[PDB]
Amino acid sequence: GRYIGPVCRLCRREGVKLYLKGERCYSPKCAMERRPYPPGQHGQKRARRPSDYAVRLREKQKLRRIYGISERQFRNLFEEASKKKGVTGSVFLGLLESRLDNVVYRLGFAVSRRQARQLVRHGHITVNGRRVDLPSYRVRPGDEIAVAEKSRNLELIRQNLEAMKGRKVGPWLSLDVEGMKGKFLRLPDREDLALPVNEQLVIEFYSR
Amino acid sequence: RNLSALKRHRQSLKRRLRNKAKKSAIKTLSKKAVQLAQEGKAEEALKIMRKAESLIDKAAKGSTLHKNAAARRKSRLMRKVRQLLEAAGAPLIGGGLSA
Amino acid sequence: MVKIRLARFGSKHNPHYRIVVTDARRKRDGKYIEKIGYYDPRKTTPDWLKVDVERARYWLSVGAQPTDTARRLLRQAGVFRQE
Amino acid sequence: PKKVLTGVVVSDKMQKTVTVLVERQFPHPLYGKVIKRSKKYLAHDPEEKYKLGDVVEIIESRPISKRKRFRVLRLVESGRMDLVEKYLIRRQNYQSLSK
RNA sequence: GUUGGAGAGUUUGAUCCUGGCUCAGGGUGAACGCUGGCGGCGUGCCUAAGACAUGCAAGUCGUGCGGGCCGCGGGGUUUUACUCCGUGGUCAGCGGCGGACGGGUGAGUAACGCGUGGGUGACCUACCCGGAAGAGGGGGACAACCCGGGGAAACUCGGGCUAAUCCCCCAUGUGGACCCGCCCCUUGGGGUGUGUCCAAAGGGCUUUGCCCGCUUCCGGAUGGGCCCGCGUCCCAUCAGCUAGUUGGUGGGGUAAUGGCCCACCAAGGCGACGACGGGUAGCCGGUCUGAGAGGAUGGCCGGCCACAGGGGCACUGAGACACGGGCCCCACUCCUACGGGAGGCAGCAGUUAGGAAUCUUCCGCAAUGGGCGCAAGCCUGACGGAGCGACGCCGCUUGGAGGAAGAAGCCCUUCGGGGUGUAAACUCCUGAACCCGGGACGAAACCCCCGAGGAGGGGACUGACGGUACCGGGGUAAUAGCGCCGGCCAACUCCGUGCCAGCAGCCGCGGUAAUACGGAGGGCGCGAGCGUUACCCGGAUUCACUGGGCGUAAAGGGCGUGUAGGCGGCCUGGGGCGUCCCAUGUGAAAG
Ligand code: SF4
Ligand SMILES: [Mg+2]
Ligand SMILES: [Mg+2]
Ligand SMILES: [Mg+2]
Ligand SMILES: [Mg+2]
Ligand SMILES: [Mg+2]
Ligand SMILES: [Mg+2]
Ligand SMILES: [Mg+2]
Ligand SMILES: [Mg+2]
Ligand SMILES: [Mg+2]
Ligand SMILES: [Mg+2]
Ligand SMILES: [Mg+2]
Ligand SMILES: [Mg+2]
Ligand SMILES: [Mg+2]
Ligand SMILES: [Mg+2]
Ligand SMILES: [Mg+2]
Ligand SMILES: [Mg+2]
């Protein structure tokens, strides 16, 4: 269903700090801030010219690995963006952050989407007062994302809820610590969430 | 082992046999008036349609000669006797013929 | 005759019937003449029962006798109220 | 809409029957060119005054024979034999493909 | 809030061009190789329209009629026996309605079969609805049953009764039909005049009434029959085809036109705008690809067609030339007591044969729907459900965080180190599976009461899916595999091998120091899937309508003349055939 394997390889393989672990991510023991080169034997060895097809695959893999997702959903939730009216490249980045397993991460209830998906799947997060245990939940506007009161007392949430206290939430969300409920405001733009992705390449990728 | 509603065959055959009768009865009967209307007479001939007609309709009370198929015979048969009769005769006794 | 039956659709475990008129000897889901309202018995909406109460009295006048689960619906919509 | 059609005859050679040849002109569903397609109909002339050269009209009528389901309607002009040639000559071009 | 177009390798010492082959993409009713957890919705014999064991899928009505049979109450000659009245149920039969719908297939068909638009002055439609007028008398038939006789069953015969919503006659005639004239549009439409002909059923209960029926007639709605214009695959190496053919007169025939059938007449009919013949093929809405144009496909959903082992046949009914009705020839199969009989899964399961391959001989009318009796209710392999199969789509899990200037093994080296790598172990955190307790939606009507059997309202019984979904509480870290790593094409080193073993879609590599073969370490891509093969579209501007060429690359007929056809100088007027604009109908639903 998901990756479940070695993560820091992803970050090295793409030459970009993929913030997937959690607190170790910004620490000075981030594998990229330790070994910033592609893994596996031929790391320090001279990397030849990137084939014109290469750099368009990797950025596609960056986003793929940033959100923790397969490649059918990636495609299928990309097909929709291509058909849905608007700029193909950032509608796709809209239906992505709309995914439930993302939002919880953006709400700081977890420091990792990979961490967040478990909490979603385990019956801890609540939308509009319902036990939604689905990661792939297209969160719509005006929705009530909150930690289930039946499980709003664990030794994990509070630590990471407190961990936010007064964090600069995404300029598109509404976080209430201790209230534990975070409302989905508008919907994102690339200019609102800057990532190391030339998302246009993913287009130019998925058009070959 | 089989459909006891096979009874419809019984009902069918006795209906069939009780159809071939009256339908054929119109035949030889109305085959009699024409020759009589041809060979001359009208009293003992226009009397025949009188009953012939009555039978065609009576066939139309049931599923035999049904519909306006009578109105195919009840129209083309009393269509010829006229033309048959002016050939030596002229429309004689007061039977089924209007004027 | 001609019937005011229903036509079941929707996902399995989600019967969505179309209050419709076919001829009697027609399949459940065939070339009907007139849909005259949707019907869900599982109650998913507040407007869960529409009925053309005027167009019904068309086919009801020209001769369309319906089924039990079809007569009561016209009552639940109020086709027989006229007073 | 009982399909009125207008076309030149082709024959006057059968009793109460003629051979209207009508012409259809239309594009080509694949090529922008506008092409010709023609078809031969058999018609009902009970007056036997519709003859060769007569440019007439025909109508989708009740069945009259096997290949005769149209009636003649009215006349447009009679002096048109130079078209009958174009039928008379074409079918005589058909001659020279044999042994 | 819908929008659209990528190329690459390969001939040569080398280059450009034409040119072909091969590949990356999307889809599959797919199979196979290696893996394999759960749930929701779908889908699943393309091959032999080959053969089928067995079960089941077409019945319903005592408020139609008579009868055998069983319970219950009443009985009679004072009487055995028995016989009878009433009520319930069952067996069958006469009768009415349904077995022409439903469900399966794709052989056939190159056709008005389908699609589209029309026409019907050429017609049909029981059960439905609306309106008008009626049901007075009389006769009778055959089964059921009784008697006898035959056969193993199949079955059948001969005699004798009888009831009825059964048959038949007469009586009346709202009114319908018909020959012959007359009033108007015009194909047989609409009236009317005289003549002729045509009707009927009873059952019930709360009988001075109501329900359910019957007969004649007109109209609506639905559902059909037929005719027509138009589009519908290849082969010109099929260039002529035609004796019901082509038109008519007349008769027949059906609900209706028809050369559909027959008789006589006259020679006409079709064809290079492709007749006739051959091959393939059900058609459409749709589906796949393609930017588009186009190209291929119509399984499952829905519409039409045709078929029920091959073939013909008609009856019955309003409706069939009827899958589970009948008859007859052919082929096949099955049964026996041998004289003789019977059968038709291309209906749901299920077997066999063919195959690379294809589901449980399950549950229930609870729901929708259908047929019957008004009604309780019966039947319903239509259906609603579950069962199998990664066949498809979607969703989800095999943990999360912290965690070593970095354990072990394995791999590489220039021996200093470098890689697997937060990967492991470890601490904490939740808790797929598991356990208990509650427990659905789908199900409110048919029925009953008040009420007129109206309107309206009140009351009550009913679940296969399923103790499922879900909900409340408790509780364990717990399956990962496959392909590739020379360019296309993302992703590198070691070893053995030494034209051998082998790989390989095109190029090609291996002829000792291989990034291509076999293995490992590692890396790339996907992931409960990954690869192979096959097919469809593309890429193929490589059949060029959009969108190509013919000096030397494949291509100008050896030339001339010329029919059909294609094309055509300037000006003016008309009709408006192609053409263009607006409205309206259609373009069904699902897509
Ligand atoms: S940021 Fe997090 S996931 Fe990325 S290399 Fe560092 S520790 Fe690993
Ligand atoms: Mg033509
Ligand atoms: Mg534009
Ligand atoms: Mg007509
Ligand atoms: Mg009609
Ligand atoms: Mg002719
Ligand atoms: Mg075929
Ligand atoms: Mg059968
Ligand atoms: Mg016989
Ligand atoms: Mg039922
Ligand atoms: Mg599954
Ligand atoms: Mg690739
Ligand atoms: Mg060698
Ligand atoms: Mg061109
Ligand atoms: Mg040369
Ligand atoms: Mg030539
Ligand atoms: Mg429309």
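Computed from the coordinates by the stated procedures, all read-outs in this text should not be read as laboratory data. Cβ atoms come from the backbone with ideal geometry, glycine included; neighbour counts cover every protein chain shown.
When the Debye formula is applied to the Cα atoms of the protein assembly as shown, each taken as the same point scatterer, what base-10 log of I(q)/I(0) results at q = 0.08, 0.10 Å⁻¹? Values returned for q = 0.08, 0.10 Å⁻¹ are -0.89, -1.03. Extent of segment A:97-193 along its three principal axes (Cα atoms, max minus min coordinate, largest first): 35, 27, 23 Å.
Give, in whole angstrom and from largest to smallest, the semi-axes √(5λ) of the equivalent ellipsoid of segment A:1-117, with λ running over the eigenvalues of the Cα gyration tensor.
The three semi-axes for segment A:1-117 are 26, 21, 11 Å.
Couplings 3J(HN,Hα) for segment A:52-63, derived from phi with the Karplus relation 6.51 cos²θ - 1.76 cosθ + 1.60 (θ = phi - 60°), are 3, 7, 6, 4, 7, 7, 6, 3, 4, 6, 3, 4 Hz, where x marks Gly and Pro.
Tell me the relative contact order for chain B as a rounded percent, counting alpha carbon contacts under 8 Å between residues six or more apart. It comes to 29 percent, rounded to a whole number.
Residue by residue, segment B:59-69 carries 3J(HN,Hα) couplings of 5, 7, 5, x, 7, 6, 5, 9, 6, 8, 5 Hz when phi is fed to the Karplus relation 6.51 cos²θ - 1.76 cosθ + 1.60 (θ = phi - 60°); x denotes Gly or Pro. Across the alpha-carbon atoms of chain D, the computed radius of gyration and Dmax are 15.0, 48 angstrom.
Taking all Cα pairs closer than 8 Å and separated by 6 or more residues, the relative contact order of chain A comes to 20 percent.
Going through segment A:87-180, which trypsin sites (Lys or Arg not before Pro) have at most 10 other Cβ atoms within 10 Å and a DSSP loop state? Counting only loop positions with at most 10 other Cβ atoms within 10 Å, the trypsin sites (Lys or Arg not before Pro) in segment A:87-180 are A:165, A:168. When the pairs A:21/A:45; D:3/D:66; B:14/B:74; B:31/B:58; B:80/D:40 are compared against a 30 Å limit on Cα-Cα distance, B:80/D:40 fall above it. Calculated from the alpha-carbon coordinates, chain C shows an Rg and a Dmax of 12.5, 41 Å respectively.
Here the label points at residue A:79 and residue C:26, each 7 Å from Cα along the C-beta direction, are separated by 3.4 nm in the simple model. With R₀ set to 45 Å, the beta-carbon distance separating residue C:71 from residue B:19 gives a calculated FRET efficiency near 0.60.
For residue D:55, nonlocal amide neighbours, meaning residues 5 or more places apart or on other chains whose placed amide H falls under 5 Å from its own, are D:76, D:77, D:78. Its Kirkwood hydrodynamic radius, worked out from the mean inverse distance over all distinct Cα pairs, puts chain B at 15.1 Å. Computed on segment D:13-70, with alpha-carbon pairs under 8 angstrom and 6+ residues apart, the relative contact order is 33 percent. Here's how it looks for residue C:9: its modeled amide H is under 5 Å from those of C:16, C:17, C:18, which are all 5 or more places away or on a different chain.
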